[PDB]
Amino acid sequence: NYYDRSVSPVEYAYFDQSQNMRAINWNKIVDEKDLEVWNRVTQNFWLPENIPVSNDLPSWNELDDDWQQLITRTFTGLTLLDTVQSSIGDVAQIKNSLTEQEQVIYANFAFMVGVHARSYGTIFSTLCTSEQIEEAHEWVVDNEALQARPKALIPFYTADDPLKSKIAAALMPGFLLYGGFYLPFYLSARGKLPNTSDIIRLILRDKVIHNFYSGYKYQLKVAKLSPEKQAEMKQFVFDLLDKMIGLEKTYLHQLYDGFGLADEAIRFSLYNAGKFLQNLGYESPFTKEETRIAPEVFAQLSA
Amino acid sequence: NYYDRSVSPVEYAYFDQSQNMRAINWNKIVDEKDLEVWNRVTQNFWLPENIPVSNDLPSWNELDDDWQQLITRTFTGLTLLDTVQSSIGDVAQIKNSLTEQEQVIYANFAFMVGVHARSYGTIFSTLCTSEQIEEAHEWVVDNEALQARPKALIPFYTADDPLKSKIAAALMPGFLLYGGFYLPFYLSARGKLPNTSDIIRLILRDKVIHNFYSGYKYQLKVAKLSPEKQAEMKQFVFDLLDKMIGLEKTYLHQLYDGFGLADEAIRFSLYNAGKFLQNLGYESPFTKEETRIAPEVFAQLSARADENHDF
Ligand SMILES: [Ca+2]
Ligand SMILES: [Ca+2]
Ligand SMILES: [Ca+2]
């Protein structure tokens with residue numbers, strides 16, 4: 001068959017030029033799961049302009065300067081993480097794909113995480129002053145605890161280990177932003193910024209698929225490895241997650257300093273750390289007490 | 001100001017870690033052209049399943065096996081070029097961006113060229129047999145003239161010269177597929193496969209912007225260079241275009257062998273070669289005779305993409 005004696009262009013470009021290139025074949029596909037994911041993420045296309053964030057103005061005006069600062073800072077920090085994933089992380093997955101369709105799906109992911117980053121700008125334009133916006137950018141650049149998180153993960157994207165790169169690509173949508181996502185749901189549970197929470201739910205509708213898919217592809221690759229190499233990768237995952245949780249806790253304590261929200265946000269974050277691990281085929285070590293989310297906040301998350 | 005003492009993440013990842021990272025700022029935009037392009041390409045989002053080509057079945061079934069084969073082969077060849085650009089070319093532009101928004105726009109481009117590639121499969125699903133689809137894939141793999149074209153561009157994407165990479169990224173949507181796009185417009189001008197041409201026009205509505213945008217960013221960067229380096233880059237562009245035209249001519253004569261379409265297709269290609277040069281800030285050397293397109297074909301080429309097909 002033509003497929004078994006040719007390579008996809010990205011394999012030609014970065015791995016092996018010994019055989020000629022094949023065009024993508026969407027009429028005969030290797031993995032049915034790729035078509036399912038492709039259809040879902042493309043049919044879920046959205047842009048921030050179609051949520052009426054202006055209707056949040058009354059409840060925004062109920063919040064003082066400190067709360068408004070917290071929200072702008074929180075969201076600008078999430079914007080940084082999306083900028084990392086759109087511009088580096090998801091595109092780095094393309095060349096390490098198992099299938100042709102997967103290469104196209106990661107292109108979609110990079111674009112949609114771009115749209116996620118863009119959506120915070122829409123919220124800021126609708127609600128924040130230009131000085132609130134600028135202050136939050138200054139704060140993000142100068143917050144070492146914030147910066148430590150992407151600085152720890154970026155090297156996996158730029159190094160030559162596809163499995164470690166894949167783990168980072170799952171960890172970003174699966175875990176790293178949930179500490180910040182706590183804030184809008186905490187607020188909307190109390191009748192504040194309901195339209196902003198609709199944008200957050202559109203973002204999560206994508207991110208849950210991004211985490212699942214990267215975890216799915218990770219599991220396919222690692223299952224081929226020897227038991228010793230499988231154990232080595234598991235050890236790497238739990239060690240990296242442990243480090244990222246340490247960094248996330250430090251950052252969230254700084255972010256929410258004065259508001260009391262950090263310990264709840266950390267539990268919300270750890271619930272998702274467990275989900276991240278589950279999507280890689282591992283068991284969550286975290287207790288029900290460690291991952292406890294208030295019913296009113298969980299209702300916002302799961303709507 | 002925070003912006004002037006920080007770097008974007010992709011700059012941090014690949015080039016410069018002397019400063020901390022900044023989040024993309026969509027509230028204070030460096031180049032309003034980026035916002036204009038972002039808004040247009042995102043508003044133009046479409047998916048090929050929304051343009052069913054089941055209504056092409058009557059005119060498709062009129063065509064003999066040779067014409068059906070030609071179309072399947074031509075489109076599978078265009079699918080390869082889209083696969084090259086989606087999986088390698090456009091994403092390679094992200095790290096060489098002048099602005100933050102440009103990084104996100106090239107992510108959009110890579111995705112949408114993926115959609116372009118996807119669209120041919122939806123056409124084949126409706127019109128082609130399993131055997132026709134498989135034969136075309138075999139033919140593309142084994143056709144050296146076809147292969148030579150993306151093989152000439154890929155090295156620029158994987159190498160570390162950003163301007164040469166940018167030129168390649170402009171040449172793909174600006175020039176390399178038009179020799180093949182001649183076929184559906186030749187057909188639809190004769191009342192054949194009209195719905196397929198709607199898909200081609202949706203594809204072109206994106207590709208014209210991809211070419212414009214890469215050409216625009218190229219011009220901004222080369223304007224900063226010394227006159228000597230500008231002269232070096234101009235010579236590279238015309239040299240690369242000359243090479244690509246030679247490779248395209250050889251491929252189109254093989255593709256259209258027995259149909260007589262190759263000389264018209266080559267003129268159609270060279271018209272777009274001129275536009276490619278113009279979008280890079282250079283003058284087209286090609287004569288009116290060399291780039292002559294029939295009005296009935298140009299009518300199909302230039303018709304507005306149907307807004308009803310938008311997502
Ligand atoms: Ca405003
Ligand atoms: Ca508390
Ligand atoms: Ca002729």
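Chain letters run A, B, ... following the sequence lines, proteins first, then strands; residues in each count from 1.
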Quiz item: When only pairs under 4.5 Å are counted, which of B:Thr79, B:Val7, B:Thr122 shares the most heavy-atom pairs with chain A?
Solution: B:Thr79
Quiz item: Which one, B:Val115, B:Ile154, B:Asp82, B:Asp90, leads in non-hydrogen pairs under 4.5 Å with chain A?
Solution: B:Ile154
Quiz item: Contact part of A:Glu144 toward chain B, heavy-atom cut-off under 4.5 Å: side chain, backbone, both or neither?
Solution: side chain
Quiz item: Do the side-chain N and O atoms of B:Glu134 and A:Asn27 include a donor-acceptor pair separated by under 3.5 angstrom?
Solution: no
Self-check item: Closest approach of A:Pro9 to B:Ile88 (non-hydrogen atoms, all atoms of both residues)
Solution: O-CD1, 3.5 Å
Practice problem: Mind checking the CG-OG spacing from B:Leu80 to A:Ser6? Nearest 0.5 Å is all I need. | Solution: 10.0 Å
Quiz item: Hey, what do you get for OG (A:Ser87) to CD (B:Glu102), rounding to the nearest 0.5 Å?
Solution: 12.0 Å
Practice problem: Select one option (side chain, backbone, both, neither) describing which atoms of B:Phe109 are under 4.5 Å from chain A's heavy atoms. | Solution: neither
Quiz item: Taking B:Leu81, B:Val91, B:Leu146 one by one, which has the highest count of heavy-atom pairs under 4.5 Å against chain A?
Solution: B:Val91
Quiz item: Would A:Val141 and B:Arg5 satisfy side chain to side chain contact (heavy atoms under 4.5 Å, CB included), going step by step from the backbone distance to the final call?
Solution: CA-CA 9 Å; A:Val141 168; B:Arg5 60 183 186 79; 3.9 Å; yes
Exercise. May I ask you to name which of B:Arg22, B:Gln147, B:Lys151 has the most heavy-atom pairs under 4.5 Å with chain A?
Key: B:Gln147
Quiz item: Could you give the distance from NZ (B:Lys28) to CD1 (A:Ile133), rounded to the nearest 0.5 Å?
Solution: 10.0 Å
Quiz item: Between A:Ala117 and B:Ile24, what is the shortest heavy-atom contact and its length?
Solution: CB-CG2, 4.0 Å
Quiz item: Is B:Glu32 atom CD crowded by more than 12 heavy atoms from other residues, nucleotides or ligands, each under 6.0 Å away?
Solution: yes
Quiz item: What part of B:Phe311 lies closer than 4.5 angstrom to a heavy atom of chain A: side chain, backbone, both or neither?
Solution: side chain
Quiz item: Can you tell me if NZ on B:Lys33 sees more than 12 non-hydrogen neighbours from other groups inside 6.0 Å?
Solution: no
Quiz item: Which pair of heavy atoms, one from B:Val104 and one from A:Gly114, lies closest together, and at what distance?
Solution: CG1-CA, 3.6 Å
Practice problem: For residues B:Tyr3 and A:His137, determine if any side-chain heavy atom of one lies less than 4.5 Å from a side-chain heavy atom of the other. | Solution: no
Quiz item: At a heavy-atom separation under 4.5 Å, does A:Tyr120 approach chain B through its side chain, its backbone, both, or neither?
Solution: neither
Quiz item: Are there more than 12 heavy atoms of other residues, nucleotides or ligands under 6.0 Å from atom CZ of B:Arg40?
Solution: no
Quiz item: Which answer fits A:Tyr12, side chain, backbone, both or neither, if we ask what part of it has an atom under 4.5 Å from a heavy atom of chain B?
Solution: side chain
Quiz item: Among B:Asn25, B:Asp142, B:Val84, which has the most heavy-atom pairs under 4.5 Å with chain A?
Solution: B:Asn25
Quiz prompt | Steps toward side chain to side chain contact (heavy atoms under 4.5 Å, CB included) verdict (A:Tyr2, B:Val140) | solution = CA-CA 9 Å; A:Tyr2 83 89; B:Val140 166; over 6 Å; no
Self-check item: Parallel, tilted or perpendicular, as decided by the 30° and 60° cut-offs, for the rings of A:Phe45 and B:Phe45
Solution: tilted
Self-check item: Pairs of heavy atoms under 4.5 Å with chain A: top-ranked of B:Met21, B:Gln103, B:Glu138
Solution: B:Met21
Quiz item: Should we count CG of B:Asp16 as having more than 12 external heavy atoms under 6.0 Å?
Solution: yes
Exercise. Taking B:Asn108 for its side chain and A:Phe111 for its backbone only, find out whether a donor-acceptor pair lies under 3.5 Å.
Key: no
